[PDB]
Amino acid sequence: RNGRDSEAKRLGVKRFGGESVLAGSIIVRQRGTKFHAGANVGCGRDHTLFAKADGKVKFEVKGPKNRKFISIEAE
Amino acid sequence: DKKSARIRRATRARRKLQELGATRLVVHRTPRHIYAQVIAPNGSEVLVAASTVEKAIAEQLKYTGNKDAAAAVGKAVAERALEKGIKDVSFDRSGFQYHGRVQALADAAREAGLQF
Amino acid sequence: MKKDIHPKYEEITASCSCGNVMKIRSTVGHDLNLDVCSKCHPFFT
Amino acid sequence: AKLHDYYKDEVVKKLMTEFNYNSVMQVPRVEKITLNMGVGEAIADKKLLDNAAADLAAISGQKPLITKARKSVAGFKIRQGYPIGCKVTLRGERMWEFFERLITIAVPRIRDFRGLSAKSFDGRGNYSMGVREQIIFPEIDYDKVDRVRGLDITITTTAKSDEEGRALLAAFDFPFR
Amino acid sequence: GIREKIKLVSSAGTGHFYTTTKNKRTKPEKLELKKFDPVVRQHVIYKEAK
Amino acid sequence: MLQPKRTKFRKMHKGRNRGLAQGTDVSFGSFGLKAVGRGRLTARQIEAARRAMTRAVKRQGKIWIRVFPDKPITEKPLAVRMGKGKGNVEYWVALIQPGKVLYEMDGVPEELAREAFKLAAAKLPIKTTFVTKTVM
Amino acid sequence: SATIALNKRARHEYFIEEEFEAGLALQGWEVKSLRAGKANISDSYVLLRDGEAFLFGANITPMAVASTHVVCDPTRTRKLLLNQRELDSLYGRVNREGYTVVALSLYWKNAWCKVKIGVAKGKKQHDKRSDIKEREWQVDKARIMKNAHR
RNA sequence: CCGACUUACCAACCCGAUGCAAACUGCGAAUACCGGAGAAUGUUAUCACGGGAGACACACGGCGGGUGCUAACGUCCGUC
RNA sequence: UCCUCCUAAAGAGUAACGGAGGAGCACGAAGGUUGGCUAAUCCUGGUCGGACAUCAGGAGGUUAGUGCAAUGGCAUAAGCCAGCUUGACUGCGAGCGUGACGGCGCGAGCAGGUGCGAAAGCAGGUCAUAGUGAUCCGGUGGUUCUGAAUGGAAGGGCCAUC
RNA sequence: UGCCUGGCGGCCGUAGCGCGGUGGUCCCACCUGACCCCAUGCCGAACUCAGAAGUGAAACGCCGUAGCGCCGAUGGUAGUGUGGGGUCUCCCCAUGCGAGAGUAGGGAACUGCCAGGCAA
RNA sequence: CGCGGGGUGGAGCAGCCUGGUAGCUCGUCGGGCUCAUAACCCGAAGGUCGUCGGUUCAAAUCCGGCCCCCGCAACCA
RNA sequence: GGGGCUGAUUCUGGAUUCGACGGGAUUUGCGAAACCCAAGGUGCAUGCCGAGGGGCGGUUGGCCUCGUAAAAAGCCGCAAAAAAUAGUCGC
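Residue numbers (my numbering), protein chains in the order written: chain H, 4 to 78; chain F, 2 to 117; chain V, 9 to 53; chain U, 93 to 269; chain B, 349 to 398; chain A, 2 to 137; chain X, 4 to 153.
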């Protein structure tokens, strides 16, 4: 009455901190909103944070509740 | 509480202005005063700030904190804004409903020659 | 405060028939003369 | 504004000499009475509330107001979003004359009057009163009506303690039995 | 399943239509939404079909 | 018999009995029996050790049992092949690490309690030692 | 319809005058066995003391066994849900040495056990011969009457 | 019956103390993994393209586990 | 067959007749925008009304809710209410993640063109992750694109679709 | 500049609560009044406008308060990388990283800009 | 997939067509009826004709539809 | 031993045993138990000691009673507690 399991969706992080990528490259696949938009980072329909422009990916924690932010410095 | 309940409404407006890197146009309402400031996208340095709490500007008006006082300082802060070449702004609601005194303040800035 | 959904009004002038007059704004209907006043209301004896 | 002028001069100088109020805002003030008639049994028929609103229809400016269900209860055969009762939130100027229509002339119209409770409080200093019926109001002529629907009225003042609000009640002829 | 597909044809003379779903049992009324017609390059009303 | 009520999961993994005990020393009573061997204590072993331990005092004092099984162990039925899912529940053992205080007693002299835990140790599978109340 | 086993033999032995449609309270295993499950009704009577009118003779056994722990007996004095109008009048015309309340039939009223109960009077055997004669007397009378027209 | 006193004890809240959890986490490594910088060394070890394949029955040992009795020269994965 | 958690050893991914569960839909609005508001559960008191209705008062804090299973989320609410609408629009789409492939997903922005809001802005569906079958075959509308000696027509191609 | 307040931030619990004193000159809040601007599943509560008589009650701010939350060592310990060993379902040694938790304690914030008030 | 008709009192069947001026009986209640019931006798009740429009002086009728009951050969994704 | 089926007529949500019975609440008549106020009556009484308790013994951890000691009321086993406690059929 078991053994029925789904197939993995390949979630997680695609580019880490200090990595420079072009616009439209997917940064992080996630279900919830653990990583939020910083600078030059937009949020998709399914919480897919995508690179709006060029530059390096920065992982930062800001805010009153200290939410995680993904920001791109255009370098 | 009416103060901080209004503030969280304005937080949605303030997120869009700083994420897009756009200069905002903030306001603040008082039963007897009115306030309007121009704030740089840095978020901690304010460029142009003219209000009816100023003694040199409220003395030209009878009552401070009504539609005639908001329209007086709406034109006054806009002339100082165009002296710096500022032409790109967005009117922050600051939680207040855009019907009356806050609206009539912004039309005075539209009257002086600033579009937003 | 809001508009038009608070139970209706009808101005009358009333007076109790015991030597006491209570003439106020009210929302009864056409008019009414009261029968018992607070002065004759038995909470003393 | 009949007893409000009585409140502003007589009661205000009474209260500040009563609890030693060193501030003019420190004296509690009556602000709202909440007139609610939870008839309740209008789950199947609408006219048990519409006529209840029509029996309620004689207080403030205009058309009557009904309520909605707070949540779903199996015990009284109700679900979520149900017109169950009718309520009134009367704060401001128009609610002052309602006191004279309730505490001065409706009290002699009480069937078998003995005395009002003095231990019916919200804890903060706000009283809640209850009437068995509706005939004590002069509005109902007892001819076209068909019900004996009572209605809980809760007076919510700006009181800090219960006896401080009771001192306001004592200044407004409360029959403490 | 009980919600079935329909054909949402425009009010204009073009044969272009939309294909979406409505519940005929739940909603006996039809849909009239001013969509975009690519042939007219404008907005016209759209009526249901079979 | 010791048994959990409304367990979150009926079946659980085998796991690894690794590490040391997270129970420090004597806290409740005055004299304790701290386990030294590494192994698992079934629910039937504890009660059988409880009866022999309580036999010496016959009612006296209170015996603070600081352990609990809270771990069902499955056993496949006899003469069935491997696989075909997981076996049902048969008994409940306690993951016991070395240095774990098993039973605490109080209100009795230490001389009488010495045989009371030692007789419990014979029914217990694991090797244990008598310990006193800790200082500081 | 939803009728259950009926005491038709009671009509031969008793000459019941007035009837009732009082309901019967019954346990959880009784309801399942009542639709089907071999409920018997023979020798059904009452044992009133104050308001305790009980259907006495009613053998209903659990077909599919639904009995655990505490006991479950197929024959019980099941409590009848009787109206108060129908209750005080049975301090009178049932205590006459021969008067009793019997159940003619058992049935349902929209998934509720309502039992048709009636106040029996009881026939002695000397008048039992007359009734069996009378039933044959009615049939043979028209046989003589039809012979005028042959 | 009154019911006063008493009671092992069965008993929720609240707090203190004590343990357990793969499907509990307010904590949190080691390594692993990704990206950037640098020198050393590596008959390019890298990627791409074209031709030709075989192969898709693995086994044990070490480690991390499921399963089995932490039973199997047992089974099923990851890893060397 | 697909989706969710664990197994799975902190990248992704990873099997068993391993351990827990869900889906073969639903909404024309439950959509979009604009504006507004913020739960659970208690005790305080009050006509029916009491443990469970209606109302007011405070604690409390999102244990509430999110059409539906779990997980990750969400008050800047993704929760709730009201206003007006159809962006649940078309042609594209740099660039990416995902697979042996077929295939799937994200995507700023361009043009046409629409709605909301004064406006920056947002909408090319629903908080996200299941709610579904390739090709062939044939049905329907559109499109001369082709149409066999020519003229049409038949029949196909293409586009929309069953 | 100093003392203040208000507007906007950085960082976001050492930054948050409880509790005790504080202020109305300027400012801010309460308020006053409201046909009309306008608000509303209700009555100028909130929302909205017109005024400011009165108050610092409440809010807010400051100060005190560790009564709590919070941050937090050194060391020790768990765990682990790699290399060997054993009574190799678990451990030891070599070396590398080093917790969590607790303890000593730290701490009831700090910082940037603009405008009016009073002292300079 | 598109071919054959009918939908009318609570019920089952006609009037419609060959236009205008809706009934029948089954089930009901009203009475008779009766040592008792009933056999049986009569009294009464009910749908504007499935729905919506058009033609027609005149629509239940006729015609346009739409909906329902089906019956049918199709049925090679 | 395993698999499937069925498990009160609704077989997928709206049980309303038409009933004394068990339970709560409301209205209603008001009672030291559904209460307190020494006030209207109202001067010599109350409580603890002593003190016995219907016919027998006991009896409220406390009583109708006792001006310093043997009689008087509720109640417990005792005892006036009844019987074809539905019909119908028999020697």
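Cβ coordinates follow ideal geometry from the N, Cα and C atoms, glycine included.
Per the DSSP calculation, residue i is bridged to which residue(s)?
i	result
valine 31 of chain H	H:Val16 and H:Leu52
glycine 222 of chain U	U:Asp244
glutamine 38 of chain F	F:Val27 and F:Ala50
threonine 6 of chain X	None, per the DSSP bridge assignment.
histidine 391 of chain B	B:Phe384
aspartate 107 of chain A	A:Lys63
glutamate 396 of chain B	B:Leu356
Going straight from the alpha carbon of residue i to that of residue j, what length do you get?
i	j	result
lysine 105 of chain U	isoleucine 135 of chain U	50 Å
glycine 24 of chain A	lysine 9 of chain A	24 Å
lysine 139 of chain U	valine 199 of chain U	29 Å
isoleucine 8 of chain F	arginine 201 of chain U	50 Å
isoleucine 44 of chain X	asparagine 62 of chain X	6 Å
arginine 258 of chain U	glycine 217 of chain U	8 Å
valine 49 of chain X	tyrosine 102 of chain X	11 Å
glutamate 18 of chain V	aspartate 93 of chain F	46 Å
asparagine 112 of chain U	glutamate 255 of chain U	14 Å
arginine 373 of chain B	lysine 72 of chain A	54 Å
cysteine 26 of chain V	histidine 49 of chain V	11 Å
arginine 171 of chain U	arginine 162 of chain U	9 Å
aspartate 233 of chain U	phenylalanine 213 of chain U	32 Å
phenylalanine 57 of chain X	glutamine 128 of chain X	27 Å
Which residues mark the beginning and the end of the beta strand (DSSP E) in which residue i is found?
i	result
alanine 40 of chain H	38-40
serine 5 of chain F	Taken as a continuous stretch (DSSP letters only), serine 5 of chain F belongs to no beta strand (DSSP E), being part of the alpha helix (DSSP H) at 4-20.
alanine 25 of chain X	Note, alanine 25 of chain X: premise wrong, no beta strand (DSSP E); not H, not E.
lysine 355 of chain B	355-358
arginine 70 of chain H	70-76
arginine 14 of chain X	Unbroken run through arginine 14 of chain X is the alpha helix (DSSP H), 12-16; no beta strand (DSSP E).
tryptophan 115 of chain X	Careful: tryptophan 115 of chain X lies outside any beta strand (DSSP E) and carries neither H nor E.
Grab the span of the alpha helix (DSSP H) containing residue i for me, first residue to last.
i	result
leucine 120 of chain A	111-124
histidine 14 of chain V	Unbroken run through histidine 14 of chain V: none, as it is neither H nor E.
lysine 136 of chain X	128-149
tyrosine 48 of chain X	From DSSP, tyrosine 48 of chain X is part of no alpha helix (DSSP H); its letter is neither H nor E.
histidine 364 of chain B	Counting along the chain, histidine 364 of chain B falls outside any alpha helix (DSSP H), and DSSP gives it neither H nor E.
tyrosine 98 of chain U	94-98
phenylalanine 117 of chain F	Here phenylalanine 117 of chain F belongs to no alpha helix (DSSP H), and DSSP marks it neither H nor E.
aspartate 254 of chain U	254-262
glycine 75 of chain F	68-84
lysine 56 of chain F	56-59
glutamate 377 of chain B	Where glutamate 377 of chain B is concerned, there is no enclosing alpha helix (DSSP H), given that its DSSP letter is neither H nor E.
Those runs of the alpha helix (DSSP H) which lie wholly inside the region 10-64 of chain A and span at least 4 residues: 44-58
Mind listing, in chain order, the continuous beta strand (DSSP E) runs of no fewer than 3 residues lying wholly within the region 100-160 of chain U? 122-129
Note down, one range per segment and in chain order, each alpha helix (DSSP H) of at least 4 residues found wholly within the region 51-93 of chain X. 88-91
Determine contact between the region 149-165 of chain U and the region 175-183 of chain U, defined as no fewer than three beta-carbon pairs at a distance below 8 Å. yes
Pairing CB atoms from the region 24-33 of chain X with CB atoms from the region 68-83 of chain X, are three or more of them under 8 Å? yes
When you compare the region 14-22 of chain X with the region 119-133 of chain X, are there three or more beta-carbon pairs, one atom per stretch, that lie closer than 8 Å? yes
Hey, is the region 356-367 of chain B in contact with the region 228-248 of chain U, meaning 3+ C-beta pairs nearer than 8 Å? no
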